[PDB]
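Note: the block below is target_1.txt and it holds compact mmCIF, C-alpha atoms.
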# COMPACT_ATOMS: atom_id res chain seq x y z
CA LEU I 1 18.12 -35.56 -97.32
CA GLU I 2 16.98 -32.13 -98.57
CA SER I 3 18.33 -29.36 -100.77
CA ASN I 4 16.26 -26.54 -99.19
CA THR I 5 16.34 -27.22 -95.45
CA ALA I 6 14.50 -24.01 -94.51
CA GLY I 7 12.04 -23.93 -97.43
CA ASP I 8 13.39 -20.72 -98.95
CA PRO I 9 14.41 -20.74 -102.64
CA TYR I 10 18.16 -20.76 -101.91
CA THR I 11 19.78 -24.13 -101.25
CA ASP I 12 22.03 -25.23 -98.38
CA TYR I 13 25.32 -24.53 -100.17
CA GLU I 14 24.16 -21.13 -101.44
CA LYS I 15 23.03 -20.02 -97.98
CA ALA I 16 26.07 -21.41 -96.15
CA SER I 17 28.57 -19.98 -98.65
CA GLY I 18 26.79 -16.64 -99.07
CA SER I 19 26.73 -17.06 -102.85
CA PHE I 20 23.14 -15.76 -102.90
CA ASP I 21 22.05 -12.11 -102.98
CA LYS I 22 24.26 -9.73 -101.00
CA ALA I 23 21.39 -7.66 -99.54
CA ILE I 24 20.09 -10.48 -97.31
CA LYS I 25 21.24 -10.52 -93.71
CA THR I 26 24.05 -12.65 -92.30
CA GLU I 27 21.69 -14.54 -89.97
CA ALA I 28 19.97 -15.94 -93.07
CA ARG I 29 23.22 -17.65 -94.10
CA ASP I 30 22.73 -20.62 -91.88
CA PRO I 31 20.58 -23.33 -93.48
CA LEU I 32 18.11 -23.53 -90.57
CA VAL I 33 16.84 -19.93 -90.85
CA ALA I 34 14.58 -18.86 -93.72
CA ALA I 35 15.25 -15.66 -95.65
CA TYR I 36 11.58 -14.72 -95.92
CA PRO I 37 10.62 -11.02 -95.98
CA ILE I 38 7.74 -9.60 -93.93
CA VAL I 39 6.21 -6.58 -95.69
CA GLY I 40 3.35 -4.49 -94.32
CA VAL I 41 1.44 -1.33 -95.21
CA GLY I 42 0.74 1.56 -92.86
CA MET I 43 -1.69 4.39 -93.55
CA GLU I 44 -0.61 7.92 -92.63
CA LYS I 45 -3.56 10.15 -93.54
CA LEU I 46 -6.78 10.15 -95.55
CA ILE I 47 -8.09 12.84 -97.90
CA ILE I 48 -11.77 13.13 -98.86
CA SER I 49 -12.76 14.98 -102.04
CA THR I 50 -16.46 15.81 -101.91
CA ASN I 51 -18.20 15.38 -105.27
CA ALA E 1 -58.75 47.07 -125.96
CA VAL E 2 -55.39 46.18 -127.52
CA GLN E 3 -52.20 45.43 -125.57
CA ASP E 4 -48.76 45.16 -127.18
CA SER E 5 -45.66 44.21 -125.20
CA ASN E 6 -42.13 43.16 -126.15
CA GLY E 7 -38.81 42.91 -124.38
CA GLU E 8 -35.63 40.91 -123.97
CA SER E 9 -33.49 39.23 -121.33
CA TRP E 10 -29.92 38.24 -120.52
CA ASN E 11 -28.43 35.41 -118.48
CA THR E 12 -25.05 34.09 -117.38
CA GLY E 13 -24.03 31.11 -115.26
CA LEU E 14 -21.07 29.22 -113.85
CA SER E 15 -20.95 25.57 -112.77
CA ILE E 16 -18.08 24.03 -110.80
CA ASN E 17 -17.31 20.45 -109.78
CA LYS E 18 -15.97 20.26 -106.22
CA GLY E 19 -14.29 16.88 -106.76
CA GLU E 20 -12.17 17.72 -109.81
CA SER E 21 -12.03 21.52 -109.91
CA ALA E 22 -8.73 21.86 -111.81
CA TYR E 23 -6.01 19.96 -113.65
CA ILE E 24 -2.33 20.38 -112.80
CA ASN E 25 0.39 20.25 -115.46
CA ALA E 26 4.01 20.03 -114.28
CA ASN E 27 7.14 20.64 -116.37
CA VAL E 28 9.91 18.34 -115.12
CA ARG E 29 13.46 17.63 -116.27
CA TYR E 30 15.56 14.58 -115.42
CA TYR E 31 19.31 14.57 -114.84
CA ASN E 32 22.10 12.08 -114.19
CA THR E 33 25.02 12.55 -111.79
CA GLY E 34 26.14 8.92 -111.48
CA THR E 35 28.65 6.96 -113.55
CA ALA E 36 26.74 4.90 -116.14
CA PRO E 37 23.99 5.77 -118.62
CA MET E 38 20.43 4.64 -117.95
CA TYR E 39 18.27 3.76 -120.95
CA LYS E 40 14.47 4.07 -120.86
CA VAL E 41 14.27 6.37 -117.84
CA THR E 42 10.92 5.75 -116.10
CA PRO E 43 10.85 7.71 -112.82
CA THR E 44 8.10 7.96 -110.22
CA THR E 45 7.25 11.35 -108.72
CA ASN E 46 5.02 12.65 -105.92
CA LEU E 47 3.10 15.93 -105.69
CA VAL E 48 2.73 17.28 -102.14
CA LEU E 49 0.74 20.42 -101.30
CA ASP E 50 1.10 20.77 -97.52

Using structure tokens, write down the structure from this file.
Amino acid sequence: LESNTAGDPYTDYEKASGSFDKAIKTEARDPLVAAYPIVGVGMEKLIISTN
Amino acid sequence: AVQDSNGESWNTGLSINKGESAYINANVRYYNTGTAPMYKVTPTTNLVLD
């Protein structure tokens, strides 16, 4: 009864057939898994310039 | 009594800002080794000291 079972922008046929973007993993191709990226930011060092 | 005096003086200074003490200008040059041309080349570059 739905066209986006997982909630991600790609539909059921696109995900199942792999017609979507080719850089998304194979596990995302089943309709019940969302292709939703998780991006974070990690600091490496801090520089202080006294004025 | 009468007193007459006259002289001169000199001075010189130098002020520095410790937050922005210089400006760096870099001469770069792009190149292509791929297969297709790229119009409107807008690259991003870093500048590492140590």

Determine, counting only C-alpha atoms, which protein, DNA and RNA residues have an atom within 12 Å of an atom of residue 41 (chain E); residues of the same chain fewer than 2 positions away are not included. Present the result as a PDB file with C-alpha atoms, keeping the file's coordinate frame.
ATOM      1  CA  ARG E  29      13.460  17.630-116.270  1.00  0.00           C
ATOM      2  CA  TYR E  30      15.560  14.580-115.420  1.00  0.00           C
ATOM      3  CA  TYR E  31      19.310  14.570-114.840  1.00  0.00           C
ATOM      4  CA  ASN E  32      22.100  12.080-114.190  1.00  0.00           C
ATOM      5  CA  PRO E  37      23.990   5.770-118.620  1.00  0.00           C
ATOM      6  CA  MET E  38      20.430   4.640-117.950  1.00  0.00           C
ATOM      7  CA  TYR E  39      18.270   3.760-120.950  1.00  0.00           C
ATOM      8  CA  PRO E  43      10.850   7.710-112.820  1.00  0.00           C
ATOM      9  CA  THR E  44       8.100   7.960-110.220  1.00  0.00           C
TER      10      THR E  44
END

Taking a cut-off of 7 Å and counting all atoms listed in the file, can you build a table that, for each residue of chain E near chain I, reports the nearest atom pair and how far apart they are in Å (one decimal), sorted by chain then residue number, as a Markdown table?
| residue | atom | partner | partner_atom | distance |
| --- | --- | --- | --- | --- |
| E:17 | CA | I:51 | CA | 6.8 |
| E:18 | CA | I:51 | CA | 5.4 |
| E:19 | CA | I:51 | CA | 4.4 |

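Distance-wise, CA of residue 24 (chain I) and CA of residue 3 (chain I) end up 19.3 Å apart.
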
Go ahead and find all residues with at least one atom no further than 7 Å from (15.9, -17.9, -99.5) in the file's coordinates, using all atoms listed in the file; report them as a ChimeraX atom specification. /I:8-10,34-36

Residues at most 10 Å from residue 17 (chain I), counting only C-alpha atoms, excluding those fewer than 5 positions away in the same chain, as a PyMOL selection string? chain I and resi 12+29-30

May I have the protein, DNA and RNA residues with any atom at most 12 Å from the point (-1.9, 18.3, -102.1), counting all atoms listed in the file, written as a short mmCIF file (atom, residue, chain, number, x, y, z; two decimals) with C-alpha atoms, keeping the file's coordinate frame?
data_model
loop_
_atom_site.label_atom_id
_atom_site.label_comp_id
_atom_site.auth_asym_id
_atom_site.auth_seq_id
_atom_site.Cartn_x
_atom_site.Cartn_y
_atom_site.Cartn_z
CA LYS I 45 -3.56 10.15 -93.54
CA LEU I 46 -6.78 10.15 -95.55
CA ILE I 47 -8.09 12.84 -97.90
CA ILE I 48 -11.77 13.13 -98.86
CA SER I 49 -12.76 14.98 -102.04
CA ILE E 24 -2.33 20.38 -112.80
CA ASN E 46 5.02 12.65 -105.92
CA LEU E 47 3.10 15.93 -105.69
CA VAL E 48 2.73 17.28 -102.14
CA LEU E 49 0.74 20.42 -101.30
CA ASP E 50 1.10 20.77 -97.52
#

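Our summary of the geometry notes that CA of residue 26 (chain I) is positioned 24.2 Å from CA of residue 1 (chain I).
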
Around region 6-23 of chain E, with edges along x, y and z and 3 Å added on all six sides, what centre and edge lengths do you get, in Å to one decimal, as lines of an AutoDock Vina configuration file?
center_x = -24.1
center_y = 30.0
center_z = -116.2
size_x = 42.1
size_y = 32.3
size_z = 25.9

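Our summary of the geometry notes that CA of residue 36 (chain E) is positioned 27.8 Å from CA of residue 25 (chain I).
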